[PDB]
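What the coordinates show
So you can see what is in the structure, the chains are spelled out below.
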Amino acid sequence: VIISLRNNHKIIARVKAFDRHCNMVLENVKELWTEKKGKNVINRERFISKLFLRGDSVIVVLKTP
Amino acid sequence: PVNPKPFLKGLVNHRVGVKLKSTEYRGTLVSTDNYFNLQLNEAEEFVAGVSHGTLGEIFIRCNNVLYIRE
Amino acid sequence: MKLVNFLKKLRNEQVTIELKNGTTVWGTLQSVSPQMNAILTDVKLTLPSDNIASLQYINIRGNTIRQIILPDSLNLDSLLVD
Amino acid sequence: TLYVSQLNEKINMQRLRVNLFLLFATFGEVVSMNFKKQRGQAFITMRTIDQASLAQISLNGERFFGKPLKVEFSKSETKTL
Amino acid sequence: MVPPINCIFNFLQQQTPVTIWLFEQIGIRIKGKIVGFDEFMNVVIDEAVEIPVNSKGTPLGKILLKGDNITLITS
Amino acid sequence: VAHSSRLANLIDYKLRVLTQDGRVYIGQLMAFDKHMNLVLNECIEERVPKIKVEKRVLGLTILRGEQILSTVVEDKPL
Amino acid sequence: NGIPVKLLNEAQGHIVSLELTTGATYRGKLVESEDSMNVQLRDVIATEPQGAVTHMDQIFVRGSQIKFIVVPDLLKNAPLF
Amino acid sequence: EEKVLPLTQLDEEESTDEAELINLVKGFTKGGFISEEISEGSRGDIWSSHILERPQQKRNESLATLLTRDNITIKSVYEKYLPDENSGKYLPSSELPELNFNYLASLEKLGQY
Amino acid sequence: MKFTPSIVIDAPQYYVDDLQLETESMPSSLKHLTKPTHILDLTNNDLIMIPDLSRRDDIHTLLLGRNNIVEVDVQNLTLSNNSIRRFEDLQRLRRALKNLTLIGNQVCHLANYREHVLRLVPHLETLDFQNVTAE
Amino acid sequence: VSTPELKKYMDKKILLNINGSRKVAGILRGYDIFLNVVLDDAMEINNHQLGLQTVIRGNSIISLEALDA
RNA sequence: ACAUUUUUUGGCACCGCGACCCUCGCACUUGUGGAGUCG
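This part takes up the overall build of chain D. Looking only at helices and strands, one finds 2 helices and 5 strands in chain D. Traced from its N-terminal end to its C-terminal end, chain D shows the element sequence β-α-β-α-β-β-β. Over its C-alpha trace chain D gives a radius of gyration of 12 Å, about what one expects of a compact globule, namely 12 Å for 81 residues. Considering only C-alpha atoms, chain D reaches an extent of 30 × 25 × 20 Å along its principal axes.

Take a look at the structure:
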């Protein structure tokens, strides 16, 4: 599943935990953003094995079948 | 007579659009709660009135919401 | 139910932590509060393209911590048990 | 406490106090306002009394920021003391 | 004293020209008629109109504007 | 610095403190809170303009936890 | 209950300084404080974030938007702690 | 050692010189163990060399470094003592991994089971 | 009376009139202060050389009055009443520094002492409690 | 829990300094424990009044500095 | 012991420096002379 986030981070990851606050424990984690000081165009993404996440960050979660 | 929560309840299984803290959305409402978090189907991402992408099945977090509309 | 409990259970872990202002923080979690206030030891602050700054002890607040990057080896299901 | 007057009042308050501290640290472990009334003056308080006396005798008329300072024992005891 | 809740209720009873300001957003305002009331500042406001502020007029339908991003009311 | 468990156990230690605005408050923690508000004994706000450390001595300061980011130990007691 | 809150309450009467989220420092006699740091102050100066200062009478401030409060150093002594 | 601790807080060849200078002796052996653990290549073997500049556990670290140099480490083990179980551990490492290396340890062991 | 870790740990620590530590023949073992001080007072000691410091990012003020400083290995440096004798011995200060005091040092009476310091340590703004002026 | 003691400021004109470097004026008519303000209307700071009476949300208030003493 | 306005479910992200001259005053400090030029 993919998650949109306040800081422009598309978090494509496998969900493990879930709560009232929409905090999440994540496996198989693959974030997507862009380190870019203007004018520039770069698309970057990194793999992380295991990752805890805070809920205020979360804007919209989505499920791609 | 019409409060907000009941309106929200009524509007389940119907088209809605959401603005954020900004980007517009467009999709059919699945269900809602007291905290005003959302779950939608056939989500289309109106980037300032421009449908950038059609995501489909989504869940919007409450605090980023601005307003609901048909 | 609670992720707080899970967090508490995670003790003495050498972990990276990511903030709302993007600061990468390499340290050993000695403890965490019920409200996610992280207490680290053997701490290393780096920014996301500039030089590093190391510190012995840091108590970071719960509201700031965006993502705690967990350790390499971890049994999650077990942790999740009450 | 020693009372200093005849000080160049053009120095900013925080710089005056920091140079005063530096200069007087040589005699022992160590109040200045810019109001009309108090400008050009300062009270320097030392832990030891012998330090105050030594400071007074050795820095009488010392050129500080261009003017010769005039030092004297304060009239009253400092609140901190 | 006139509490805020009471005022809101009065407004609802009336059905009058309400002009809402947005929290941390200068350029936009809302203009409509109050229909709903909540324990928090949240309300539903049918026949709403989005307004760009004078540093014209824009089309908008029926809306509930969320309580957290409200600022001003008048009715 | 010592290897503490909590903040409460390290009361009266000289503390570096960061806040969301980017200022750095330094001073001895006199008292803590349920919401991480800090009383600081001899507080100095140290700020950095967009170059080199600007410095301001405050005194006895109540510091709100909302704005607090993180606290670090500057030195031992006394 | 919060000891900082208590301290703030105690500081009532005294001349507290007070910066907000905006970065607009005030100084004044603390009239009233509450559990939520909802401060009132008298005879209060008001510095702009850029530099310029403005005198004003009886300011109210909501603790949410308050950043940090400076209290006088006499309260350090006693007898809350 | 406290200066070594503050220097450790401050913390490659010159740094290694500062660390080796920083290294009572048991704390230094613990530091060499910290180096052998943190390095877990050839630089670790260099740390073993500095440790030599500073024993069966050191031989175990030499086994972790794993062939004539290992035999030299066996010579260091012989230097460590004239003879009791640790020497048997040395013969055990000699047997587990140069048939002469095992036969010699078997000979010293010979010096019904 | 070596400057030791133990010595530093029992030393008066306070907020001065900045965080200052109240303090010997040789400057050493400063690691133990843990970089927690804005000022360090080394007045009235027997130090010969201003050297031996660990990396100390906090340290902005050094009061070194009445010692025996004859050689130099930071915003304010007070060296009053020490033993610096040659203008060239002050050269290492060019690599630092806004407030400098070298009074009561033999070097003071050397011809052109003030101009030499000004040209070789231009970052100094106040020298011996007198404003470095343009002229 | 406790009520904001604004009974001193009741029925007086106040500069409500509000979120986003904005302002409001007007005579104070009421308030609550969340510090929402009910006030008889005035201008937004050259100047232009909107409304007959106005209600300001609690969160939005930076300050409510008294115009009258 | 628990997320919907005051804290921890975030509204985040992309006076000083040149000149001149005034004041000689025993204190506990938002700040502190004045004219003129530079920022």
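All names here are of chain H. One way to put it is that helix α7 (residues 85-95) packs onto helix α8 (residues 99-110) with a least axis distance of 8 Å and a crossing angle of 150°. Taken together, α7 and α8 sit at an angle that is classed as roughly antiparallel. Here the hand of the crossing between α7 and α8 comes out left-handed. Taking contact as the criterion, the partners of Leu91, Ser94 and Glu95 in α7 are, on α8, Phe101, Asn102 and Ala105. Class assignment for the residues of the contact of α7 with α8 results in 3 nonpolar, 2 polar and 1 charged.

This paragraph deals with the interface of chain I and chain D. Contacts between the two partners involve 5 residues from chain I, matched on the other side by 7 residues from chain D. Across the side of chain I that touches chain D, the residue classes tally to 2 nonpolar, 2 polar and 1 charged.

The two units chain C and chain E never meet; even their closest C-alpha atoms stay 19 Å apart. Between chain E and chain I there is no contact; the minimum C-alpha to C-alpha separation amounts to 38 Å.

Before going further, it helps to examine the sheet that holds strand β3 (residues 27-31) of chain J. The 4 strands lie next to each other as β5(E)-β7(J)-β4(J)-β3(J), forming an open sheet whose pairing is antiparallel. Sheet topology places β5 (72-73) of chain E together with β3 of chain J at the edges, where each strand pairs with a single neighbour.

Each partner contributes residues to the interface: chain A has 23 residues there, and chain C has 22 residues. If you list the elements that add at least two residues to the side of chain A that touches chain C, you get β3 (24-33) and β4 (44-53) of chain A. Sorting elements by how many residues they give to the side of chain A that touches chain C places β4 of chain A first, with 6 residues. Residues belonging to the side of chain A that touches chain C are distributed by class as follows: 10 nonpolar, 4 polar and 9 charged.

Residue and element names in this part refer to chain F. Summarising the sheet, strand β1 (residues 14-19) and strand β2 (residues 24-31) pair through 5 bridges and their orientation is antiparallel. Paired with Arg16 across the strands is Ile26, a residue of β2. Where β1 hands over to β2, the hairpin turn is made up of 4 residues, of which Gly22 adopts a positive phi near 110°. One ladder, built from 5 bridges, connects β2 with strand β3 (residues 38-47); its direction is antiparallel. In the sheet register, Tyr25 faces β3, and the bridge partner there is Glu45. Hairpin connection from β2 to β3: 6 residues lie between these consecutive antiparallel strands, with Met36 at a positive phi of about 60°.

Here is what the cut-offs are and how they apply
Residues numbered from 1 in each chain as written, not as in the entry; some residues may be left out. Chains lettered and ligands numbered in written order. Part of a larger assembly, values for the part shown. Heavy atoms only, no water. Residues with missing side-chain atoms left out of burial classes, pairs and counts. Helix = DSSP H or I, 4+ residues; strand = E, 2+ residues; numbered from the N terminus. Rg over C-alpha atoms; globule rule 2.2 N^0.38 Å. Axes fitted to C-alpha atoms, helices over the stretch in contact; angles between N-to-C directions. Parallel < 35°, antiparallel > 145°, perpendicular 65-115°, else oblique. Left-handed = near helix turned anticlockwise from the far one by under 90°. Contact = heavy atoms within 4.5 Å. Nonpolar A, V, L, I, M, F, W, Y, C, P; charged D, E, K, R; others polar. Pairing = 2+ DSSP bridges.

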